[PDB]
Amino acid sequence: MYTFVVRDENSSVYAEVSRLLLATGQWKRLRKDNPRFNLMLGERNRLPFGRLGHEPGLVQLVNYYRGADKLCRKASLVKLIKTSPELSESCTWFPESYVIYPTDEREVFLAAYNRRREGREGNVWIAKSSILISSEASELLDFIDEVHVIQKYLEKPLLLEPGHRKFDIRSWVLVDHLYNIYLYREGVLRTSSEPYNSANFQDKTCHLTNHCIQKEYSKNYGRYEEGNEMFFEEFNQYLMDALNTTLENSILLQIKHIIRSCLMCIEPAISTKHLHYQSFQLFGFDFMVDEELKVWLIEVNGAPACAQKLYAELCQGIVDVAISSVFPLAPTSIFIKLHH
Amino acid sequence: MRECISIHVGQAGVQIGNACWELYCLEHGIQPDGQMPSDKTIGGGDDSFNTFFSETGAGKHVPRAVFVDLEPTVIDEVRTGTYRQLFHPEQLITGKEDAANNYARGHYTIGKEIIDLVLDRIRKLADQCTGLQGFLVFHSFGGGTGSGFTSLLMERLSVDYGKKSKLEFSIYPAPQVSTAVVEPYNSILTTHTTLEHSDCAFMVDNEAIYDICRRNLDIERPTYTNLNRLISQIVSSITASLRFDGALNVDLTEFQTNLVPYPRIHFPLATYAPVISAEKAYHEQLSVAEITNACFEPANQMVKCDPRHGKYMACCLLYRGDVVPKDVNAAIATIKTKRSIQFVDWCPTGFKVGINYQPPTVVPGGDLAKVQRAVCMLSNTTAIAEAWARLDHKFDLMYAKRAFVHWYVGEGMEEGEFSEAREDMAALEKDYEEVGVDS
Amino acid sequence: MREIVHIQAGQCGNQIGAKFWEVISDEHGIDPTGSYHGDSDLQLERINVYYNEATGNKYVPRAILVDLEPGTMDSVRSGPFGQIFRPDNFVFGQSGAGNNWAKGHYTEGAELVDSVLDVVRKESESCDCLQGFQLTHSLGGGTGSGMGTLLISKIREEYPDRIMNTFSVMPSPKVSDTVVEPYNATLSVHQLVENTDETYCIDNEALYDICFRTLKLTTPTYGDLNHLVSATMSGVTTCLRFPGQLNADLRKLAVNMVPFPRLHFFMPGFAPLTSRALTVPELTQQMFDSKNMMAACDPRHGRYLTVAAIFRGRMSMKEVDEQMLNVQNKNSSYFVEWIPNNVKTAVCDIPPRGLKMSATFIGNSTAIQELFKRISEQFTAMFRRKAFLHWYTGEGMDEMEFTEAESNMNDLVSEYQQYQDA
Amino acid sequence: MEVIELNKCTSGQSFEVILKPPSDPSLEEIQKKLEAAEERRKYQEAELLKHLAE
Ligand SMILES: Nc1nc2c(ncn2[C@@H]2O[C@H](COP(=O)(O)OP(=O)(O)OP(=O)(O)O)[C@@H](O)[C@H]2O)c(=O)[nH]1
Ligand SMILES: COc1cc2c(c(OC)c1OC)-c1ccc(SC)c(=O)cc1[C@H](NC(C)=O)CC2
Ligand SMILES: Nc1nc2c(ncn2[C@@H]2O[C@H](COP(=O)(O)OP(=O)(O)O)[C@@H](O)[C@H]2O)c(=O)[nH]1
Ligand SMILES: [Cl-]
Ligand SMILES: [Mg+2]
Ligand SMILES: [Mg+2]
Ligand SMILES: [Mg+2]
Ligand SMILES: [Mg+2]
Ligand SMILES: [Mg+2]
Ligand SMILES: [Mg+2]
Ligand SMILES: [Mg+2]
């Protein structure tokens with residue numbers, strides 16, 4: 001009988017893992033402040049990594065990489081991409097963002113802005129923190145100044161028909177204790193059922209790509225798919241019929257590349273090869289796709305929720321490859337293995 | 001020549017003391033009886049090795065050392081063992097009944113009766129020093145004598161020897177070693193009382209020493225003799241600069257100058273390599289590149305923590321054996337790009353390097369192997385704070401219920417001293433936060 | 001912390017005490033004449049903890065035999081190791097105690113107590129450094145219950161900074177002699193709460209159940225019960241008696257096992273249960289089992305504050321640590337999470353007589369309240385109707401002293417429950 | 001990366017290699033606090049021997 005502890009009450013992914021571990025008849029739950037465990041399903045903020053791997057006899061695992069917040073915080077992501085000698089300059093897939101604070105990039109933001117205002121290439125920028133949009137620099141800076149980033153807004157997204165509507169692609173990545181990167185073959189597109197506007201420089205409905213924020217602001221929740229979530233069998237078929245390409249070629253090679261480059265960069269800082277405690281983590285990469293079928297990274301989510309129907313398969317994948325790899329019990333791989 | 005007196009308090013201090021002075025004797029070519037054939041200056045000479053050894057007219061080389069314990073059986077092994085002729089009887093001091101793993105008992109009750117005796121025997125050694133530097137205090141955080149009496153001694157040494165240096169070699173408690181249940185109290189009570197009075201403190205987590213003996217030497221269950229012989233190599237690598245001729249770490253004040261910018265933040269992380277098994281009788285000799293690489297692996301550290309999640313204030317490399325500057329510079333440049341060595345913004349991101357061509361000696365028939373080059377990295381990193389956080393959490397759990405407090409109150413200590421000492425550790429944890437992050 | 005002075009009071013205390021000296025003399029290689037004829041030296045290393053050295057390499061126990069009637073102490077002298085004891089350490093009265101706490105504590109025992117203390121002082125003066133005292137006695141009778149607790153109080157007055165250890169045998173209706181044992185026990189438990197550092201609760205109910213169920217004896221004598229006690233007493237004193245890697249005296253045991261002053265009533269255990277070879281997993285499984293506990297209390301109904309294991313015999317230290325951590329980590333609900341690292345283990349190479357290896361358990365469990373509740377109910381059943389009080393009030397006591405002792409033991413039960421729910 | 005102040009001898013050598021540039025109690029109180037513990041022990045012993053005399 002193995003032992004684990006739950007320190008995140010509202011983790012829909014790891015509450016399901018907790019229930020699936022109990023289904024084996026070989027794991028059992030302790031109270032959260034009991035140190036005598038094999039597996040920590042830790043809290044999302046201020047997880048005590050310093051106190052892990054010191055209890056004698058117990059091989060201790062945890063579901064978060066320490067310092068993976070480097071990738072997942074929006075401001076730290078921009079600092080990482082720019083300062084890294086493995087990504088900056090060479091990289092193109094990231095929209096070149098700038099950090100603002102209430103050292104700072106007051107100096108750097110206005111360098112690129114001016115030559116865009118001269119030429120025909122548009123000058124729209126989106127503001128966000130670790131939800132405002134404007135063409136002018138004045139209308140963004142007010143709420144900002146009392147971790148904040150200004151990213152290049154994609155004015156030329158790929159459109160879904162019928163309707164000329166916008167989407168963002170969510171793909172789940174599981175990095176295990178050996179740092180084997182596993183991409184879940186079923187992804188999801190958080191679409192927007194309201195058509196995309198262009199000349200309107202103030203509206204923020206279709207412009208926002210979420211599932212939850214698309215619930216309140218829009219009554220039309222889509223009859224062509226349900227809810228605002230499109231899956232890999234349908235989107236592949238749409239691309240083949242409309243654009244004459246598969247999901248693999250046009251988009252998925254770029255996703256697997258961006259996942260590699262981001263995770264391989266932080267590897268020597270976060271990895272637990274020769275460490276007193278092991279660790280895995282589930283990441284949720286968010287992507288955009290422009291009208292030339294180039295994929296752009298938006299945000300890496302360090303503690304992501306899954307889609308409703310995919311909870312059963314994915315959480316079983318988590319316990320198979322991440323947990324049971326370290327703690328064996330007594331396929332059809334549901335993941336694609338990216339190297340490293 | 002400037003002398004160095006080495007004080008040994010409690011069981012851990014004495015038994016580690018035995019390992020160190022056994023080793024020192026083999027490194028300098030001093031025999032058990034005290035004769036040193038290499039030494040041509042009889043009854044003096046003020047060589048580099050004379051910083052640790054005084055001389056008599058008969059040609060005996062006597063450790064500048066004082067062994068103290070509140071019970072006799074541990075120091076009786078010194079009196080009966082192979083190096084009995086090394087020490088004069090006045091150096092070895094023993095009480096009747098011990099501190100029973102109680103700081104309050106070792107500090108207040110029993111310590112008070114023996115403190116004036118111990119300072120008198122230290123004064124006997126100090127009176128025969130032409131130019132004394134300071135002290136090297138060996139003890140445990142967990143032991144009643146090692147926690148209680150040491151902190152009393154460290155207070156009295158600040159009065160009686162005000163300007164002198166005070167270095168600590170502290171054994172941090174580990175439940176594999178079988179400690180007492182109240183060692184988290186003893187560790188925090190003694191750290192509070194000693195913090196103002198110690199200049200530089202080399203913590204040694206028994207967990208790390210135990211697991212290094214398990215992992216590298218392939219020992220099923222490491223004894224204290226296994227732990228102490230490994231620990232004495234690190235102590236030897238640290239103290240080597242005082243005992244041998246060179247031009248780095250050559251005086252005890254340089255450790256303070258180099259490694260300790262903030263006076264309270266005086267706990268450097270020791271990292272030693274290579275640790276090799278004697279069963280591997282022919283092993284493939286590790287290069288300067290490899291052993292310097294091993295100094296950034298958590299497995300080889302003295303305290304288990306992650307330097308990657310923290311910031312270096314100082315970093316200092318002490319090589320022993322077949323090494324030259326070109327090899328170290330090549331190793332540092334290779335390691336520079338590979339590892340994530342984050343330094344603080346307000347310090348120069350450099351490495352102070354020292355080489356002593358005499359390679360690391362080992363005890364004949366020991367579990368350690370004789371190698372041709374080794375390194376000890378002393379590095380003041382904020383990741384050491386993890387060790388305080390673990391220990392402060394164990395304190396809080398018991399102290400929330402007043403568990404075991406009556407034993408300390410029964411010896412004259414107050415409940416105020418627990419919360420006083422804890423708030424200083426809370427302040428110390430906050431000091432490592434301020435230094436170790438950008439915000 | 002070197003020498004220990006043994007005392008044995010009453011019928012039970014002397015019979016158990018005599019068996020304890022049989023066992024440890026055999027382990028230390030001391031024959032009935034007091035001469036050392038042994039093979040190893042891992043026997044003489046800490047022999048002076050329990051023995052004095054007379055001339056001619058004679059090893060005489062540091063033991064004091066006490067009783068209010070001479071019958072039981074004459075039987076000890078006639079027994080197998082009766083030669084070994086000092087003749088002037090036999091302190092005995094003629095009247096007897098009549099299974100009355102009041103007679104042992106106040107009237108009959110008060111005459112004899114000065115003669116005991118003279119022998120205690122004579123033994124303590126010759127000690128290089130006295131650890132403290134250990135007492136063997138029952139709480140159901142008169143002498144061992146009443147005079148033993150009087151001795152404890154008087155010894156504390158004269159030696160207030162020394163450790164006071166006890167092996168207290170609790171009464172049970174299954175092995176009861178008199179109906180007034182709950183009175184005698186309740187009065188003594190109140191004394192033990194104040195004036196002892198460490199008490200080993202040896203319940204006769206448990207000893208009977210261990211003999212009846214398992215072992216499988218339809219008719220157990222006191223000899224059968226005492227076989228388990230002498231085995232347990234050997235086990236718990238192993239770290240005091242031999243040079244185990246663990247540094248070991250009575251004060252250190254008290255410092256680590258006693259988180260709060262009043263809660264020092266331990267629950268001993270043993271494995272294997274004896275009257276042919278056993279592995280480390282099987283030892284570790286047995287010692288924690290309720291059927292191997294010498295106090296009749298289910299440890300699953302409470303929580304362990306502190307635990308102390310002593311494995312004996314030549315076995316793998318790695319396999320011990322794995323199995324102890326196996327039991328500990330995977331039954332972690334029954335240990336308190338607010339005392340980290342509260343289970344410790346010691347290993348001694350020399351096994352007990354006639355076993356290759358064994359394991360002794362010492363536990364400060366909150367489930368010990370079940371024992372004190374059982375006596376409290378037996379007490380209160382009689383006390384509510386003032387039944388059998390004329391025996392005690394005839395010796396000068398009154399009802400208020402009984403009322404206090406009842407309240408004090410119910411506070412002790414309430415205090416164990418306080419820390420069980422934390 | 002550059003090496004500064006290299007020193008040498010027959011026993012060994014040493015140097016610094018920079019990589020990036022930068023940007024109490026008294027004896028009275030001790031013996032006071034020790035004797036305060038002694039008095040609290042003597043107070044706790046006094047209340048015991050008082051209580052034992054009762
Ligand atoms: N490395 C090492 N650690 C030791 C040794 N002896 C004891 N320890 C550790 O030190 C702590 C116990 O301290 P001791 O030195 O035995 O106790 P003490 O200072 O003599 O104090 P008292 O025994 O109460 O007088 C435990 O955490 C042990 O793990 C040793 O020889 N080597
Ligand atoms: C008298 O012999 C004993 C000595 C000790 C102990 C002891 O009991 C095993 C002993 O009884 C067998 C001892 C007991 C129990 C605990 S559990 C809280 C404990 O933490 C610490 C000890 C101490 N040290 C170790 C390593 O276990 C004190 C020493
Ligand atoms: N285990 C054990 N219990 C005993 C023995 N003799 C008496 N008892 C118990 O102790 C109680 C009576 O105490 P006893 O020692 O006879 O009276 P005392 O001589 O006046 O102290 C009863 O509850 C008995 O069950 C014995 O040899 N072994
Ligand atoms: Cl001075
Ligand atoms: Mg000691
Ligand atoms: Mg000389
Ligand atoms: Mg100072
Ligand atoms: Mg005292
Ligand atoms: Mg009379
Ligand atoms: Mg008299
Ligand atoms: Mg009877």
# chains A, B, ... in the order shown; residues from 1 in each chain; ligands from 1
>>> select_by_dssp(residues="region 107-149 of chain B", states="strand (DSSP E)", output="PyMOL selection string")
chain B and resi 134-140
>>> residues_around(residues="residue 234 (chain C)", least_positions_apart="6", cutoff="9 Å", atoms="only C-alpha atoms", output="PyMOL selection string")
chain C and resi 20+23-24+352+360
>>> interface_residues(of="chain B", to="chain D", cutoff="7 Å", atoms="only C-alpha atoms", output="list in words")
residues 108, 159, 245, 246, 247, 248, 345, 346, 347, 348, 349, 350, 351, 352, 353, 354, 355, 356, 357, 358, 410, 411, 412 and 413 of chain B
>>> closest_atom_pairs(of="chain A", to="chain C", cutoff="7 Å", atoms="only C-alpha atoms", output="tab-separated table")
residue	atom	partner	partner_atom	distance
A:34	CA	C:337	CA	6.0
A:36	CA	C:329	CA	5.6
A:57	CA	C:325	CA	6.6
>>> residues_around(residues="region 252-257 of chain B", least_positions_apart="2", cutoff="10 Å", atoms="only C-alpha atoms", output="MDAnalysis selection string")
chainID B and resid 2 4 133:136 164:167 199:201 238:239 241:242 248:250 259:263 266 268 314 316 378
>>> atom_distance(atom1="CA of residue 35 (chain A)", atom2="CA of residue 221 (chain B)")
23.7 Å
>>> decode(residues="chain D", atoms="C-alpha atoms", output="PDB file, in the first residue's frame")
ATOM      1  CA  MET D   1      36.877  35.560 -17.835  1.00  0.00           C
ATOM      2  CA  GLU D   2      40.332  36.446 -16.424  1.00  0.00           C
ATOM      3  CA  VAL D   3      42.674  35.237 -13.643  1.00  0.00           C
ATOM      4  CA  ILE D   4      43.974  37.668 -10.973  1.00  0.00           C
ATOM      5  CA  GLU D   5      46.619  37.473  -8.203  1.00  0.00           C
ATOM      6  CA  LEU D   6      48.166  34.005  -8.669  1.00  0.00           C
ATOM      7  CA  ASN D   7      50.517  33.067  -5.801  1.00  0.00           C
ATOM      8  CA  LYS D   8      52.899  30.081  -5.721  1.00  0.00           C
ATOM      9  CA  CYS D   9      55.113  27.880  -3.533  1.00  0.00           C
ATOM     10  CA  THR D  10      56.599  24.339  -3.418  1.00  0.00           C
ATOM     11  CA  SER D  11      53.561  23.117  -1.421  1.00  0.00           C
ATOM     12  CA  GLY D  12      50.929  24.611  -3.777  1.00  0.00           C
ATOM     13  CA  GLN D  13      49.460  27.603  -5.605  1.00  0.00           C
ATOM     14  CA  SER D  14      46.337  29.765  -5.536  1.00  0.00           C
ATOM     15  CA  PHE D  15      44.448  32.429  -7.488  1.00  0.00           C
ATOM     16  CA  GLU D  16      41.138  34.257  -8.026  1.00  0.00           C
ATOM     17  CA  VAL D  17      39.158  33.957 -11.296  1.00  0.00           C
ATOM     18  CA  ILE D  18      36.488  36.668 -11.692  1.00  0.00           C
ATOM     19  CA  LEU D  19      33.756  36.085 -14.311  1.00  0.00           C
ATOM     20  CA  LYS D  20      31.314  39.053 -14.052  1.00  0.00           C
ATOM     21  CA  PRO D  21      31.733  42.397 -12.171  1.00  0.00           C
ATOM     22  CA  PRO D  22      29.396  43.558  -9.313  1.00  0.00           C
ATOM     23  CA  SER D  23      26.861  46.432  -9.098  1.00  0.00           C
ATOM     24  CA  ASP D  24      26.569  42.051  22.184  1.00  0.00           C
ATOM     25  CA  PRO D  25      26.373  40.790  25.824  1.00  0.00           C
ATOM     26  CA  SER D  26      28.789  41.109  28.779  1.00  0.00           C
ATOM     27  CA  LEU D  27      30.107  38.873  31.601  1.00  0.00           C
ATOM     28  CA  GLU D  28      27.636  40.421  34.088  1.00  0.00           C
ATOM     29  CA  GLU D  29      24.557  39.467  32.008  1.00  0.00           C
ATOM     30  CA  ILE D  30      25.860  35.894  31.411  1.00  0.00           C
ATOM     31  CA  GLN D  31      26.401  35.142  35.127  1.00  0.00           C
ATOM     32  CA  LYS D  32      23.093  36.961  35.803  1.00  0.00           C
ATOM     33  CA  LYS D  33      21.081  34.765  33.387  1.00  0.00           C
ATOM     34  CA  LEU D  34      22.841  31.580  34.627  1.00  0.00           C
ATOM     35  CA  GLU D  35      22.081  32.402  38.279  1.00  0.00           C
ATOM     36  CA  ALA D  36      18.475  33.276  37.336  1.00  0.00           C
ATOM     37  CA  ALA D  37      18.151  29.671  36.075  1.00  0.00           C
ATOM     38  CA  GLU D  38      19.724  28.368  39.317  1.00  0.00           C
ATOM     39  CA  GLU D  39      17.217  30.338  41.434  1.00  0.00           C
ATOM     40  CA  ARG D  40      14.248  29.059  39.379  1.00  0.00           C
ATOM     41  CA  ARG D  41      15.544  25.489  39.923  1.00  0.00           C
ATOM     42  CA  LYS D  42      15.931  26.169  43.669  1.00  0.00           C
ATOM     43  CA  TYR D  43      12.402  27.671  43.726  1.00  0.00           C
ATOM     44  CA  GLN D  44      10.943  24.580  41.999  1.00  0.00           C
ATOM     45  CA  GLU D  45      12.892  22.298  44.389  1.00  0.00           C
ATOM     46  CA  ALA D  46      11.696  24.376  47.388  1.00  0.00           C
ATOM     47  CA  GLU D  47       8.007  24.049  46.407  1.00  0.00           C
ATOM     48  CA  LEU D  48       8.549  20.282  46.001  1.00  0.00           C
ATOM     49  CA  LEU D  49      10.163  19.726  49.427  1.00  0.00           C
ATOM     50  CA  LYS D  50       7.461  21.988  50.896  1.00  0.00           C
ATOM     51  CA  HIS D  51       4.799  19.844  49.172  1.00  0.00           C
ATOM     52  CA  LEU D  52       6.575  16.627  50.284  1.00  0.00           C
ATOM     53  CA  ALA D  53       6.716  17.888  53.898  1.00  0.00           C
ATOM     54  CA  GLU D  54       2.911  18.332  53.701  1.00  0.00           C
TER      55      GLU D  54
END
